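Just one chain follows, in the form deposited in one PDB entry, and it is written as structure tokens.
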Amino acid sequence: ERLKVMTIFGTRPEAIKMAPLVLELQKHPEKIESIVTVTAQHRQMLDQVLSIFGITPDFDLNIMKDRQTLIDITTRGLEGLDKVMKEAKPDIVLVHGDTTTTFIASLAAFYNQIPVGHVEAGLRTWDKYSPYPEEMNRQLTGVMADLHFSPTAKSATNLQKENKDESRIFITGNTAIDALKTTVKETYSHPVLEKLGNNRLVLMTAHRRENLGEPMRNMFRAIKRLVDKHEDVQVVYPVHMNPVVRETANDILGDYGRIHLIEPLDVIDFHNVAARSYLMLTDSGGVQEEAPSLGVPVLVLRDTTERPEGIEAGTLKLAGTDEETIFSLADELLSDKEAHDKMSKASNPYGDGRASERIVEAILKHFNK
């Protein structure tokens, strides 16, 4: 008699994070009945991802979060998920991250005396109101969880500090990394990629509120100096621009066709483009965790990092927001094939692409299957 594992997809960014885990569950059809519940409001991108991974949802709930109060989401989500669990009778419910839906998915499981496995567990701020409600959500979910799937030792330590049972805490790595063997296809085309030759690609992303104004100008001025010094380098900046910010770009960069400002990429095209990049400049937390597993050095357009383990492993370097520092560090890595290759080969500490395997193994052990 098969172990019934229900996986919740509660938000769009969970598609990439939970689809690899479902794919791994679907590799044990003899021991495991994989049941997929989607509750996310926005479906186009998620549905795109589930299809790439050959996943068909067993339950679709519409839980609205457009101008909706926590109270309404909490009560209507609790009802909705409780019904799904009374019907499908899972042996375990797997929930991701710090969302209100993960909290109520766990509470509904508890209210049916069904075990919960918490994917991406142990992130702590220790500030109940920052973020709000996310910190409290991950604590609430933490007390209800039977199994904790921590992406890093620090997250596992946080959970140990709360006197959680060590035998129920697993350092798995980050499941998003696991997606890459599915999403990244050797036979992949993009306009931006055609324009690039055997030319070295610098992929740059900045979307942080704090990088508006001078920091963007410093970035653009640094990029100008880089493409002038390195003639075999093209730069890709997928962002959407205000006209006046466009004029600023054009004024600094000119129109010499080796810097491509393009519209923001979907996750799939991003993965595939990042995978063919020589260097990355980012202010994104997630790129810091993911892009190194593609063998891409990551320079972080910030003064401080919330990813200390990437720094330590040498997968990441801080570039700050000063023109000089951004130019200095990018130039080092584009000049010295040795120092690029080094960061390119450093092991990603946020995982090795087997987080889903470790989660499934931990579940089978726990249930004596």
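The term rigid core refers to the maximal set of C-alpha atoms that superpose within 1.5 Å between the two forms. The first residue of the sequence shown is number 1, and the count goes up from there.
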Checklist entry - Taking the recorded C-alpha temperature factors, which stretch has the higher mean, 203 to 211 or 104 to 112? => result 203 to 211
Checklist outcome for this item: For 341 to 349 versus 10 to 18, entry-based mean Cα B-factors point to 341 to 349
Checklist outcome for this item: Note to self: of 128, 230, 76, 164, the C-alpha temperature factor tops out at 230
Item to check | Top residue by Cα temperature factor, when 241, 143, 153, 85 are compared in the entry | outcome: 241
Item to check | residue 271 - Cα temperature factor, lowest/middle/highest third of chain | outcome: middle
Checklist entry - Against its chain's modelled residues, does residue 118's Cα B factor rank lowest, middle or highest third? => result lowest
Checklist outcome for this item: By the entry's values, the third containing the CA B factor of residue 54 is the middle
Item to check | B-factor third for the C-alpha atom of residue 260 within its chain | outcome: highest
Checklist entry - Sorting the chain's CA B-factors, does residue 69 end up in the lowest, middle or highest third? => result middle
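The form deposited in another entry is left out here; the points below concern that form.
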Item to check | Displaced residue between the shown form and the other one, judged on C-alpha after the rigid core is fitted, out of 193, 184, 245, 153 (threshold 2 Å or more) | outcome: 245
Checklist entry - With both forms fit on the core, is the shift of the CA atom of residue 68 between the shown form and the other one 2 Å or larger? => result yes
Checklist entry - On a core-based superposition, does residue 295 travel 2 Å or more at its Cα between the shown form and the other one? => result no
